[PDB]
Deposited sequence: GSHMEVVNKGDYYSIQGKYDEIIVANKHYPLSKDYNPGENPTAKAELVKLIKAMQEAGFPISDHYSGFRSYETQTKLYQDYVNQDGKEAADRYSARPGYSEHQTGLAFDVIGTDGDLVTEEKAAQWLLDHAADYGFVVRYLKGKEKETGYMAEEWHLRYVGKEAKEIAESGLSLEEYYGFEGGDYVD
């Protein structure tokens, strides 16, 4: 990511990547509370293949996943988690702030009902998410940069540039040189 500024497109901010334009949603850059594209079909088709490949490799992964969540959905979920604001902020997006609202983010689930955390499966996603155009967004040890505690299961579709990204070991923030961190 060498080196472009973030542009406001109106409903969202984006940064121009090496091959694609990359929507930026985090604690610094919110989405328009209206922006409601639903699930991205191109990302979805890749997720399907990713899922199948994990199942083929022996992993107990569900066909089900958590993808598009609108602003309103995010509101319920964030509120529910307050029940403190402090602790919920560590791991749950405020509405307008979630990559899930872009329709480009997807949480992988085990056939046991839980978000994937099992170690071999987590490593497989670090190793191969990029083969399907995805990155593990909330990397371990990058909580300062991304704004969020690490998530083994949360995939963000970025396309072809995922392999160079994964190779860097960087957060998107660091790779494209935009701000993440805490709400301001």
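Coordinate coverage of the deposited sequence is interrupted at 84-85, 187, where no C-alpha atom was modelled.
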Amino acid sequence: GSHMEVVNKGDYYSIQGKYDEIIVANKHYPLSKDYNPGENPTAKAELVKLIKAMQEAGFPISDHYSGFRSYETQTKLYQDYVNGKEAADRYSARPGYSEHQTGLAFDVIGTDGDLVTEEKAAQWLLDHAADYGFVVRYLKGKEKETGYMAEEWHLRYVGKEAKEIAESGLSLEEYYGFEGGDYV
From here on, numbers count along this sequence of modelled residues.
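Higher mean CA temperature factor between 163-171 and 6-14: 6-14, per the PDB entry. The mean Cα B-factor in the deposited entry runs higher for 72-80 than for the other of 102-110 and 72-80. Per the PDB record, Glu56 has a higher Cα B-factor than any other of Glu145, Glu46, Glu56, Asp131. Going by the entry's values, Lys33 shows the largest Cα B-factor out of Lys140, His64, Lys33, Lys120. In the deposited entry, the Cα temperature factor of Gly1 sits in the top third of values across the chain's modelled residues.
Among all modelled residues in its chain, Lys52 ranks in the highest third by Cα B-factor.
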